[PDB]
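Engineer: If you scroll down you'll find the structure; I have some questions about it.
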Amino acid sequence: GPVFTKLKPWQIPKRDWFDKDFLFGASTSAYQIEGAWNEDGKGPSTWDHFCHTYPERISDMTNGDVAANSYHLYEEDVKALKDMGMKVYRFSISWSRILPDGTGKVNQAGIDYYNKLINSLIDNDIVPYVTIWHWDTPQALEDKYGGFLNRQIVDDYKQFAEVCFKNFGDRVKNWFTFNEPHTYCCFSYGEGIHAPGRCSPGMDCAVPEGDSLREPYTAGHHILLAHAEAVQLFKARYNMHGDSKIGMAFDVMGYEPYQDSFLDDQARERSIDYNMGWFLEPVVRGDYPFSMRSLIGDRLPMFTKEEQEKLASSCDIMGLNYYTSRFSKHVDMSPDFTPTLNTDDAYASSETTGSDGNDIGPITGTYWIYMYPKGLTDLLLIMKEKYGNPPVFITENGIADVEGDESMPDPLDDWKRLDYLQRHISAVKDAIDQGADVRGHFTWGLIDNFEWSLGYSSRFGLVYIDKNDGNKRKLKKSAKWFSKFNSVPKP
Amino acid sequence: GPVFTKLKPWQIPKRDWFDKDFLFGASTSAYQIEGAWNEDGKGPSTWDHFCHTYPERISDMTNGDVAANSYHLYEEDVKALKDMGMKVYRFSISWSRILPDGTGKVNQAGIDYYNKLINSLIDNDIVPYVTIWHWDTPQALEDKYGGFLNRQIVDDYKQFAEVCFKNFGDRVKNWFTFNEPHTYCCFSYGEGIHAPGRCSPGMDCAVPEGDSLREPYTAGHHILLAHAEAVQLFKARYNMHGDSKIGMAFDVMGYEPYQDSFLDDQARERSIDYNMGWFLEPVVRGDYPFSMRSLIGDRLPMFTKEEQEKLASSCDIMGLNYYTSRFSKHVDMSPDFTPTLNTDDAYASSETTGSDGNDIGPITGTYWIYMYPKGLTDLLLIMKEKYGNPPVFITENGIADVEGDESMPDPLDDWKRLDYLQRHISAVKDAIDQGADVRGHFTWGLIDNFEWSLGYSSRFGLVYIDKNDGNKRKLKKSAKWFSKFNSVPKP
Amino acid sequence: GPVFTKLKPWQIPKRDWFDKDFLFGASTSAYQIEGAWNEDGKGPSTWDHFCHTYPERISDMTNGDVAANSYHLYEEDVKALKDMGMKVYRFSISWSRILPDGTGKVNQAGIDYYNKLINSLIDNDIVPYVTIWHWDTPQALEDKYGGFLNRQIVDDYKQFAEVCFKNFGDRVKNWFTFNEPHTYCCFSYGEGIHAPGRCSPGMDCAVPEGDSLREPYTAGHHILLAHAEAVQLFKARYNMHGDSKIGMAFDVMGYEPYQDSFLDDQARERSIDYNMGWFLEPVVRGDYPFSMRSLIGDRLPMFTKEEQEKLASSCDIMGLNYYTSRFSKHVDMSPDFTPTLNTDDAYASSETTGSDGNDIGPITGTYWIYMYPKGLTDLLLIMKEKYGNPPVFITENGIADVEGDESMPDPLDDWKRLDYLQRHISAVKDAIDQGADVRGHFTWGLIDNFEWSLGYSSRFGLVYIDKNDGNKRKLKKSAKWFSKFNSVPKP
Ligand SMILES: O=[N+]([O-])c1ccc(O)c([N+](=O)[O-])c1
Ligand SMILES: O=[N+]([O-])c1ccc(O)c([N+](=O)[O-])c1
Ligand SMILES: O=[N+]([O-])c1ccc(O)c([N+](=O)[O-])c1
Ligand SMILES: *[C@H]1O[C@H](CO)[C@@H](O)[C@H](O)[C@H]1F
Ligand SMILES: *[C@H]1O[C@H](CO)[C@@H](O)[C@H](O)[C@H]1F
Ligand SMILES: *[C@H]1O[C@H](CO)[C@@H](O)[C@H](O)[C@H]1F
């Protein structure tokens with residue numbers, strides 16, 4: 001136990017299921033892998049500060065001071081990509097490494113680092129896809145005005161994005177402004193389990209001085225305004241050759257109705273609106289979902305007409321970060337129910353078990369990843385049918401192997417990860433067969449890394465990081481399958 | 001002009017399109033046909049009072065003092081039904097004729113009248129279906145406590161319903177508690193064009209001392225509570241033989257999205273929720289649609305758990321009163337839009353013309369009846385798929401011939417009405433073929449009658465009332481088609 | 001007014017909706033743009049003669065003496081194509097410029113002109129598609145034997161086509177023999193509104209000495225025989241490398257049944273047979289539609305077996321010239337109906353309004369272009385399902401901005417044209433998704449031009465021709481959208 005049935009061998013995807021232009025890759029983020037947290041002039045991020053001031057808020061009491069040491073070891077990351085035959089690497093730029101004070105003087109050592117990584121990727125026939133921000137805010141701006149809670153973040157972000165465009169845009173042609181705004185707003189400002197660790201008085205987070213009903217929406221609104229400003233600038237000044245693309249990457253769960261009835265059908269649409277539509281609908285039509293405005297009202301800021309027009313059609317490419325699905329169970333509006341957390345505003349509870357008593361799918365290791373590839377195909381067809389079928393990349397997809405799971409004693413023997421990934425790659429094929437414009441699949445993660453409030457205890461890598469042997473990269477079974485899948489010539 | 005294309009002859013329904021148990025009939029209401037407004041002890045209704053105090057609020061300055069004089073001439077109504085071969089007559093009981101003071105002593109002359117009509121119908125092999133209330137509130141209760149705006153209406157209604165059950169239930173086996181609660185709430189308390197004629201200060205109605213954002217919902221809430229009390233009583237004490245049925249009859253428009261986009265898809269669902277779900281969803285699940293609660297909030301009263309349980313599953317039969325359809329056009333929530341009328345709360349405007357510039361269908365006479373039979377089939381399949389496929393009767397369906405329409409110079413030559421009715425009867429067949437549990441079709445109206453704020457200027461009858469020749473009943477072309485359709489033996 | 005709803009921004013096509021080989025372009029014709037009508041030895045065409053002898057038959061009393069002056073200004077046409085990022089230009093060769101006397105000595109100045117245009121296109125990475133004849137008959141042949149009414153046109157055309165193949169075929173690899181034979185036969189010989197302007201005695205055209213029941217079919221028969229001879233020659237002598245293609249371009253309207261009944265279903269098939277099948281069915285199977293032979297009989301010439309075999313499978317590529325759709329309304333055969341115009345022979349009237357009284361779609365400017373993109377998808381699926389799914393190019397598609405339309409005061413602000421074109425490009429995507437072999441979309445027109453009997457009063461261009469400023473080319477809003485769509489590098 002617990003029952004883990006693998007695909008039959010004839011059901012395993014082959015590279016030629018996908019056309020020649022389809023892109024397989026892997027993703028990381030700066031705080032999760034780089035280390036060198038204070039090296040060569042780098043200033044502290046909100047994640048540096050959060051870990052150093054509230055260390056107990058990380059599961060295993062670790063932090064990203066060193067992580068996988070990719071600041072020094074990036075050539076081994078490149079080698080792992082090459083060895084697996086990946087065509088794309090999606091990585092993030094550390095704002096605090098580039099602009100130690102958030103604003104002002106650029107750190108040339110930071111510029112030099114990303115240039116080396118970019119040039120090495122290109123030397124090795126791997127295309128760089130760059131996430132500009134991945135939760136990674138300079139603590140200087142957090143101290144100065146409250147970071148994403150203040151409007152000043154909009155212009156400061158724009159100027160940081162411009163440094164990235166100016167320095168890297170001659171070679172980097174594909175950009176994501178923000179990664180997982182919904183996760184970030186919920187966890188950083190609703191539950192407060194993520195940096196800067198804020199929540200309402202009386203709640204259990206590092207800093208219970210916020211407002212779990214308001215601060216998530218304030219932060220999300222500034223993200224969207226920052227995104228709109230950066231894209232306007234990009235399209236006006238940094239796409240002169242017409243061959244660059246900029247978008248946003250969204251965390252998305254699939255949803256099924258908890259019970260077969262029109263009420264859970266309605267709840268399911270509210271859940272998708274809340275999880276996905278919150279940030280996707282603004283970049284599509286220039287406003288939040290109607291459901292959210294009707295339920296959240298004055299706690300959800302209004303866009304001006306100028307802002308609406310700037311936001312509408314502001315993505316060339318959409319990233320979907322998909323792991324799992326939930327059942328959506330209707331909650332009635334009544335005096336017996338009063339929202340206290342931002343997620344309460346959907347009036348739909350996310351359930352791991354459905355009306356018949358069954359889990360949505362098999363657990364994969366970490367508590368929240370239940371396997372349900374159907375959910376991904378469903379979301380991709382929503383993108384197709386509802387939102388105009390924009391170009392979609394799966395920019396994260398994968399599972400954790402968890403320390404203490406006795407069904408996973410050899411960290412290299414990740415047949416469960418491999419099976420999960422094969423099933424989701426097959427689910428992408430299903431969506432493509434049904435007309436969804438899906439352009440690539442990027443596994444999270446390239447290498448085991450710092451899993452936020454769970455530290456190193458959750459390993460998401462295709463490639464093992466041997467923390468006791470100098471952070472050496474070792475290909476897992478899943479990685480070696482990708483070598484075969486991608487027809488990498490053998491030694 | 002204007003273009004009115006008729007069905008091809010092979011597309012005209014035949015009686016055998018429907019099974020042997022399907023019921024064809026016609027409908028009327030007490031204020032619209034009875035006259036004798038103050039005869040034999042009858043007390044005044046809100047419609048008596050409205051017309052007598054604000055006569056100018058009726059188009060042609062008429063009222064229902066005499067109407068079709070069916071109080072004296074009901075045998076001619078029965079004869080018209082028989083001559084057309086109708087199997088059902090749906091008529092209403094005048095509360096103020098039965099209980100002149102709303103409460104207290106029953107008027108035996110009122111009882112005697114309905115007994116004669118019921119017995120004549122049964123003598124003539126026509127089944128009576130009885131609407132208990134059709135907008136027809138005793139002015140005594142209006143004066144005493146504000147009628148449907150006060151909770152006292154709930155018990156007073158229950159006691160009136162009980163008088164009807166006690167006196168007529170040995171012979172009448174099919175009941176509708178209320179007719180068109182949505183029309184009544186919108187027009188009587190929102191726009192105020194109908195009795196008692198109330199609306200917000202500054203609006204143009206007889207009594208601008210109300211609140212068009214609140215009074216419609218207060219009135220509708222009491223209707224639902226009154227319905228729940230009457231049905232509980234009926235099922236406990238007046239269905240001992242197990243063969244009686246009680247339900248409610250709803251005015252419903254079909255809706256199509258104004259423009260092909262997910263936003264007007266969403267608007268269309270809000271329009272259906274507002275028009276149909278407002279009263280239907282309470283009698284199905286025991287609460288209002290979620291959409292309405294989310295948009296109306298404190299202006300929409302809450303049900304107690306006891307009330308919810310009483311309301312859920314409180315209809316044996318559903319009546320649908322269908323005339324026409326609209327395009328539903330999304331309205332955004334923003335500072336630029338502030339509801340002032342209850343209908344504003346759907347955030348969906350009802351449009352007669354769609355995105356391509358075309359009317360939804362041909363005009364039929366009166367300004368609001370655009371022909372669109374597709375809309376009826378669509379609503380019937382919603383009943384099937386969403387609300388459990390309860391037994392449905394089309395309890396009103398038809399068109400007006402309007403005074404001054406030069407395309408309708410002979411009031412008996414109603415080929416346009418006939419064509420409309422044939423097309424809607426065919427639309428019911430379509431729904432039945434698709435599995436909808438539709439049990440009958442009742443034309444509105446049996447006879448030309450008092451059309452509320454339009455007076456006698458709109459003629460809806462299968463049977464002409466010759467107002468200059470003693471209110472004589474004369475069969476129109478449509479009526480004579482029903483004689484043929486129903487295989488009535490000829491003289 | 002009048003209501004013009006635009007696509008939602010997420011519904012606007014993107015270039016990547018189409019595969020890498022799909023071709024976007026624009027079209028013109030020689031008489032409509034070239035001017036220089038008598039320059040460098042060019043002889044007069046039937047259109048020169050028609051305008052110079054019956055000037056009043058042109059709306060605004062203009063002609064194509066100068067047009068857009070593309071004889072001198074073709075480099076600006078090329079520049080406009082390049083600026084929009086178009087990959088194909090479809091233009092026509094003026095027969096009377098190449099062979100001033102129709103037959104005999106070739107005009108080397110004419111040859112030199114087309115060589116310059118071809119070479120400039122190729123220098124600018126634009127592929128030339130060449131229409132050999134576009135209504136453009138030498139008046140010498142018209143005077144000599146009645147042009148397309150005489151069999152001699154067949155060989156004379158063949159010899160002209162051969163001059164084009166010999167001189168241009170080393171570089172031009174894609175050819176259309178004839179453009180819009182159905183429009184030409186109807187308007188030039190039925191109604192007579194187009195050159196040479198012939199119709200039956202008693203009708204209102206310049207020369208009422210013809211026969212509107214016969215001359216259209218005689219002319220069309222010679223077109224088909226000329227096409228068959230030119231293609232036989234081409235395939236035998238001018239496709240030695242195997243990489244050239246030759247076809248024909250057909251004007252086509254979509255049709256819907258006027259009323260839902262089997263009779264208008266039948267009428268709709270006769271309308272499509274008459275409009276499209278007249279010329280398409282011969283090049284597919286080698287005979288006219290059966291419907292036309294059954295109704296037209298002796299007025300429709302027979303093909304010999306040799307001719308049938310030559311015609312069958314004589315197109316490598318099909319062009320569809322699509323603007324609009326109509327309702328098709330059945331006409332009975334009876335003594336009360338006697339054809340007088342060739343179009344009467346379909347026994348199906350083309351109606352702009354349907355049975356419900358609604359226009360088929362919104363008017364776009366000129367009286368005959370009602371927007372109905374569905375109609376194009378429908379026709380493309382007929383090509384797929386009925387006629388073997390040959391390679392199809394949309395070789396014309398667009399709208400006119402009309403002088404005096406107060407809803408179009410700035411001739412550059414053609415958002416209505418842009419919306420129409422986006423919707424039709426989306427309709428082509430729909431057809432492709434459904435398996436139709438559609439290979440390109442060419443907007444009519446590249447530049448505003450001479451719109452036949454309407455003169456310059458109808459502007460169809462992506463690119464404005466400023467007639468008061470030296471015939472300068474100015475990109476309209478639609479043109480600038482194509483620059484973005486095609487990712488043209490910016491200055
Ligand atoms: O719990 N989640 O749904 C969820 C989603 C994305 C995430 O990136 C994380 N996370 O990093 O802990 C958590
Ligand atoms: O305007 N309406 O939708 C509407 C509906 C039902 C009705 O009964 C009436 N009415 O009696 O005037 C009007
Ligand atoms: O009226 N038409 O259907 C129609 C079609 C194609 C055409 O090219 C023209 N035209 O040039 O006037 C007219
Ligand atoms: C997406 O999810 C993974 C797994 O939770 C995180 O580690 C990444 O930072 C986030 F982008
Ligand atoms: C349903 O509609 C008809 C026509 O508007 C009214 O006359 C009836 O009273 C109502 F029940
Ligand atoms: C196709 O139609 C356009 C618009 O009517 C004409 O100008 C062209 O000559 C014809 F090819």
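Labels used: A, B, ... for chains in the order of the structure tokens, numbers from 1 for residues in each chain, and numbers from 1 for ligands as shown.
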Return as a list in words every polymer residue, whether protein, DNA or RNA, with at least one atom no more than 8 Å from an atom of ligand 4; count only C-alpha atoms and all ligand atoms.
Structural biologist: residues 28, 29, 32, 134, 179, 180, 251, 321, 323, 396, 397, 398, 399, 400, 444, 445, 449, 450, 451, 452 and 460 of chain A
Engineer: Tell me as a PyMOL selection string which residues belonging to chain A come within 6 Å of chain C, counting only C-alpha atoms.
Structural biologist: chain A and resi 240-242+388
Engineer: Could you tell me how far atom CA of residue C:169 sits from atom CA of residue C:30, in Å to one decimal place?
Structural biologist: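 About the pair atom CA of residue C:30 and atom CA of residue C:169: they are 18.5 Å apart.
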Engineer: Residues near residue B:109, anyone? I mean within 10 Å using only C-alpha atoms, not counting same-chain ones fewer than 2 positions away, as a list in words.
Structural biologist: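 That gives residues 39, 40, 41, 42, 97, 98, 106, 107, 111, 112, 113, 114 and 115 of chain B.
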Engineer: Do a neighbour search on stretch 253-258 of chain B at 9 Å with only C-alpha atoms, toss out local chain neighbours closer than 3 positions, and write the hits as a PyMOL selection string.
Structural biologist: chain B and resi 261-269+271-272+275-276+321-330+350-351+353-356+360+372-379
Engineer: Residues of the last selection are to be written out with N, CA, C and O atoms, as a compact mmCIF listing (two decimals), in the first residue's frame.
Structural biologist:
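Saved to again29.txt:
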```
# COMPACT_ATOMS: atom_id res chain seq x y z
N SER B 261 -20.29 35.22 -26.37
CA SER B 261 -19.10 35.27 -25.51
C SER B 261 -19.51 34.75 -24.15
O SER B 261 -20.69 34.75 -23.80
N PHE B 262 -18.51 34.32 -23.37
CA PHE B 262 -18.79 33.69 -22.09
C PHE B 262 -19.50 34.66 -21.14
O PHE B 262 -20.21 34.24 -20.25
N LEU B 263 -19.29 35.97 -21.33
CA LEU B 263 -19.93 36.96 -20.45
C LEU B 263 -21.43 37.00 -20.64
O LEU B 263 -22.16 37.06 -19.66
N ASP B 264 -21.91 36.98 -21.89
CA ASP B 264 -23.37 36.94 -22.11
C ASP B 264 -23.97 35.56 -21.82
O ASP B 264 -25.16 35.44 -21.51
N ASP B 265 -23.17 34.50 -21.93
CA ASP B 265 -23.55 33.18 -21.39
C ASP B 265 -23.84 33.28 -19.90
O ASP B 265 -24.84 32.74 -19.40
N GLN B 266 -22.97 33.98 -19.18
CA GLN B 266 -23.16 34.18 -17.75
C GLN B 266 -24.38 35.09 -17.50
O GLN B 266 -25.17 34.83 -16.60
N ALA B 267 -24.51 36.16 -18.29
CA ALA B 267 -25.66 37.08 -18.13
C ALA B 267 -26.97 36.31 -18.34
O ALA B 267 -27.93 36.49 -17.60
N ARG B 268 -26.98 35.44 -19.34
CA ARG B 268 -28.17 34.65 -19.69
C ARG B 268 -28.61 33.78 -18.50
O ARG B 268 -29.81 33.72 -18.18
N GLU B 269 -27.66 33.12 -17.84
CA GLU B 269 -27.99 32.39 -16.62
C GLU B 269 -28.52 33.27 -15.48
O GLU B 269 -29.41 32.85 -14.75
N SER B 271 -30.22 36.11 -15.94
CA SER B 271 -31.58 36.48 -16.41
C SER B 271 -32.58 35.36 -16.10
O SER B 271 -33.69 35.59 -15.61
N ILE B 272 -32.19 34.11 -16.39
CA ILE B 272 -33.09 32.99 -16.12
C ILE B 272 -33.30 32.79 -14.61
O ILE B 272 -34.43 32.55 -14.14
N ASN B 275 -35.73 35.80 -13.61
CA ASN B 275 -37.09 35.70 -14.16
C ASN B 275 -37.78 34.44 -13.67
O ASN B 275 -38.93 34.48 -13.24
N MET B 276 -37.09 33.31 -13.75
CA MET B 276 -37.69 32.03 -13.43
C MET B 276 -37.27 31.52 -12.05
O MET B 276 -38.11 31.13 -11.25
N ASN B 321 -45.80 30.02 -17.71
CA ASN B 321 -46.56 31.01 -18.49
C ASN B 321 -45.57 31.65 -19.45
O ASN B 321 -44.73 32.48 -19.05
N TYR B 322 -45.65 31.24 -20.72
CA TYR B 322 -44.64 31.63 -21.69
C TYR B 322 -45.23 32.41 -22.86
O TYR B 322 -46.20 31.96 -23.48
N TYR B 323 -44.62 33.56 -23.20
CA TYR B 323 -45.01 34.35 -24.39
C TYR B 323 -43.88 34.60 -25.35
O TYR B 323 -44.08 34.62 -26.57
N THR B 324 -42.69 34.85 -24.81
CA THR B 324 -41.67 35.49 -25.62
C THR B 324 -40.27 35.25 -25.01
O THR B 324 -40.14 34.62 -23.97
N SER B 325 -39.25 35.74 -25.71
CA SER B 325 -37.85 35.62 -25.28
C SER B 325 -37.13 36.93 -25.48
O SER B 325 -37.59 37.80 -26.25
N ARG B 326 -35.97 37.07 -24.83
CA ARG B 326 -35.09 38.22 -24.98
C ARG B 326 -33.64 37.81 -25.13
O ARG B 326 -33.25 36.69 -24.78
N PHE B 327 -32.83 38.73 -25.65
CA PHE B 327 -31.37 38.60 -25.55
C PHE B 327 -30.93 39.12 -24.19
O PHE B 327 -31.46 40.11 -23.67
N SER B 328 -29.98 38.41 -23.59
CA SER B 328 -29.44 38.80 -22.30
C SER B 328 -28.03 39.40 -22.50
O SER B 328 -27.14 38.74 -23.05
N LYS B 329 -27.86 40.65 -22.08
CA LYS B 329 -26.61 41.39 -22.30
C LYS B 329 -25.95 41.72 -20.96
O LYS B 329 -26.54 42.38 -20.11
N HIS B 330 -24.73 41.24 -20.78
CA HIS B 330 -23.96 41.43 -19.54
C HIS B 330 -23.76 42.90 -19.18
O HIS B 330 -23.41 43.73 -20.04
N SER B 350 -32.31 42.96 -20.64
CA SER B 350 -33.10 42.18 -21.57
C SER B 350 -33.27 43.00 -22.83
O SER B 350 -33.80 44.12 -22.78
N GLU B 351 -32.80 42.46 -23.95
CA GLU B 351 -32.80 43.20 -25.19
C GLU B 351 -33.71 42.51 -26.20
O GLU B 351 -33.75 41.28 -26.26
N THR B 353 -33.39 43.16 -29.45
CA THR B 353 -32.49 42.98 -30.59
C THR B 353 -31.12 42.42 -30.17
O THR B 353 -30.59 42.76 -29.11
N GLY B 354 -30.56 41.55 -31.00
CA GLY B 354 -29.30 40.90 -30.67
C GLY B 354 -28.09 41.61 -31.25
O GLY B 354 -28.23 42.67 -31.87
N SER B 355 -26.91 41.01 -31.07
CA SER B 355 -25.62 41.65 -31.46
C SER B 355 -25.49 41.95 -32.95
O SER B 355 -24.81 42.91 -33.34
N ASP B 356 -26.13 41.12 -33.77
CA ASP B 356 -26.15 41.32 -35.23
C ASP B 356 -27.17 42.36 -35.69
O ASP B 356 -27.32 42.58 -36.88
N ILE B 360 -35.33 39.50 -31.98
CA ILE B 360 -35.25 38.08 -31.66
C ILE B 360 -36.22 37.27 -32.53
O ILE B 360 -35.94 36.12 -32.90
N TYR B 372 -40.84 33.63 -30.59
CA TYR B 372 -39.58 32.86 -30.52
C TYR B 372 -39.87 31.55 -29.82
O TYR B 372 -39.55 31.41 -28.65
N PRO B 373 -40.51 30.60 -30.53
CA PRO B 373 -40.91 29.33 -29.89
C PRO B 373 -39.72 28.50 -29.36
O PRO B 373 -39.90 27.75 -28.40
N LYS B 374 -38.53 28.65 -29.98
CA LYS B 374 -37.30 27.96 -29.54
C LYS B 374 -37.09 28.19 -28.05
O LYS B 374 -36.70 27.28 -27.30
N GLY B 375 -37.33 29.43 -27.62
CA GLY B 375 -37.15 29.80 -26.22
C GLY B 375 -37.94 28.95 -25.25
O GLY B 375 -37.45 28.65 -24.17
N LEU B 376 -39.15 28.55 -25.62
CA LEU B 376 -39.98 27.68 -24.78
C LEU B 376 -39.40 26.25 -24.68
O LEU B 376 -39.29 25.69 -23.59
N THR B 377 -39.05 25.66 -25.82
CA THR B 377 -38.36 24.35 -25.78
C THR B 377 -37.11 24.41 -24.88
O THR B 377 -36.91 23.52 -24.06
N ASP B 378 -36.28 25.43 -25.05
CA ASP B 378 -35.10 25.61 -24.19
C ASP B 378 -35.43 25.61 -22.69
O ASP B 378 -34.76 24.92 -21.90
N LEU B 379 -36.44 26.38 -22.28
CA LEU B 379 -36.83 26.44 -20.86
C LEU B 379 -37.35 25.11 -20.35
O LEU B 379 -37.08 24.72 -19.21
```
Engineer: Going by DSSP on the backbone, which residues of stretch 221-262 of chain A come out as alpha helix (DSSP H)? List them as a PyMOL selection string.
Structural biologist: chain A and resi 221-237+262
Engineer: I need the residues from that last selection saved to file as a compact mmCIF listing (two decimals), in the first residue's frame (with N, CA, C and O atoms), if you can.
Structural biologist:
```
# COMPACT_ATOMS: atom_id res chain seq x y z
N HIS A 221 -4.08 42.89 -6.96
CA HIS A 221 -4.39 44.04 -7.81
C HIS A 221 -3.12 44.74 -8.28
O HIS A 221 -2.99 45.12 -9.45
N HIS A 222 -2.16 44.91 -7.35
CA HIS A 222 -0.86 45.52 -7.73
C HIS A 222 -0.04 44.65 -8.69
O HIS A 222 0.56 45.14 -9.65
N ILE A 223 -0.05 43.33 -8.46
CA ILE A 223 0.54 42.38 -9.41
C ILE A 223 -0.02 42.62 -10.83
O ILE A 223 0.73 42.75 -11.80
N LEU A 224 -1.35 42.69 -10.94
CA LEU A 224 -1.97 42.86 -12.26
C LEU A 224 -1.60 44.20 -12.86
O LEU A 224 -1.25 44.28 -14.04
N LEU A 225 -1.62 45.27 -12.07
CA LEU A 225 -1.19 46.60 -12.57
C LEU A 225 0.29 46.61 -12.98
O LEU A 225 0.65 47.18 -14.02
N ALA A 226 1.14 45.97 -12.18
CA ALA A 226 2.56 45.84 -12.52
C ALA A 226 2.77 45.05 -13.82
O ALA A 226 3.55 45.46 -14.68
N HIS A 227 2.09 43.91 -13.94
CA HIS A 227 2.09 43.14 -15.16
C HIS A 227 1.71 44.02 -16.36
O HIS A 227 2.42 44.05 -17.36
N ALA A 228 0.59 44.76 -16.25
CA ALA A 228 0.10 45.60 -17.38
C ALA A 228 1.12 46.66 -17.81
O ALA A 228 1.36 46.86 -19.01
N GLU A 229 1.75 47.31 -16.83
CA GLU A 229 2.81 48.30 -17.11
C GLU A 229 4.02 47.68 -17.77
O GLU A 229 4.56 48.25 -18.72
N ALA A 230 4.47 46.53 -17.25
CA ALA A 230 5.64 45.87 -17.86
C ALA A 230 5.38 45.41 -19.30
O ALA A 230 6.24 45.56 -20.17
N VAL A 231 4.20 44.85 -19.56
CA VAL A 231 3.85 44.40 -20.91
C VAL A 231 3.71 45.59 -21.89
O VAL A 231 4.20 45.52 -23.03
N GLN A 232 3.10 46.68 -21.45
CA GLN A 232 2.98 47.86 -22.31
C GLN A 232 4.37 48.32 -22.74
O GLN A 232 4.63 48.55 -23.95
N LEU A 233 5.27 48.44 -21.76
CA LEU A 233 6.66 48.82 -22.02
C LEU A 233 7.36 47.84 -22.96
O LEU A 233 8.01 48.25 -23.93
N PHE A 234 7.23 46.54 -22.67
CA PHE A 234 7.81 45.49 -23.51
C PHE A 234 7.37 45.61 -24.98
O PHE A 234 8.19 45.61 -25.89
N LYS A 235 6.07 45.69 -25.20
CA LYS A 235 5.53 45.74 -26.56
C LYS A 235 5.92 47.03 -27.30
O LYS A 235 6.14 47.01 -28.51
N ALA A 236 6.06 48.13 -26.55
CA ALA A 236 6.44 49.41 -27.16
C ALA A 236 7.93 49.52 -27.48
O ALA A 236 8.30 50.07 -28.54
N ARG A 237 8.80 48.99 -26.61
CA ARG A 237 10.24 49.21 -26.74
C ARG A 237 11.13 47.98 -26.90
O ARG A 237 12.27 48.12 -27.34
N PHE A 262 -27.04 20.74 -9.71
CA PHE A 262 -26.75 22.02 -10.34
C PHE A 262 -26.03 22.96 -9.37
O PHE A 262 -25.31 23.84 -9.80
```
Engineer: Stretch 53-61 of chain A: which residues within 6 Å, counting only C-alpha atoms, same-chain residues fewer than 6 positions away excluded, as a VMD selection string?
Structural biologist: chain A and resid 453 to 455
Engineer: Determine, counting only C-alpha atoms, which protein, DNA and RNA residues have an atom within 7 Å of an atom of stretch 67-69 of chain C; residues of the same chain fewer than 2 positions away are not included. Present the result as a ChimeraX atom specification.
Structural biologist: /C:32-36,64-65,71-73,449-450,465,471
Engineer: So which bits of stretch 193-359 of chain A end up strand (DSSP E) when you DSSP the backbone, as a PyMOL selection string?
Structural biologist: chain A and resi 245-257+317-330+348-351
Engineer: Would you mind listing what lies within 10 Å of residue A:413 as a ChimeraX atom specification, with only C-alpha atoms counted and same-chain residues fewer than 6 positions away left out?
Structural biologist: /A:475-478
Engineer: Can I get the selected residues back with C-alpha atoms, as an mmCIF file, in the first residue's frame?
Structural biologist:
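File selection.cif, as written:
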```cif
data_model
loop_
_atom_site.group_PDB
_atom_site.id
_atom_site.type_symbol
_atom_site.label_atom_id
_atom_site.label_comp_id
_atom_site.auth_asym_id
_atom_site.auth_seq_id
_atom_site.Cartn_x
_atom_site.Cartn_y
_atom_site.Cartn_z
ATOM 1 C CA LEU A 475 19.700 11.772 -12.624
ATOM 2 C CA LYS A 476 16.672 9.933 -11.212
ATOM 3 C CA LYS A 477 14.774 7.192 -13.088
ATOM 4 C CA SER A 478 12.365 9.878 -14.428
#
```
Engineer: Just give me the gap between atom CA of residue C:144 and atom CA of residue C:45 in Å, one decimal is fine.
Structural biologist: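 Atom CA of residue C:45 lies at a distance of 12.8 Å from atom CA of residue C:144.
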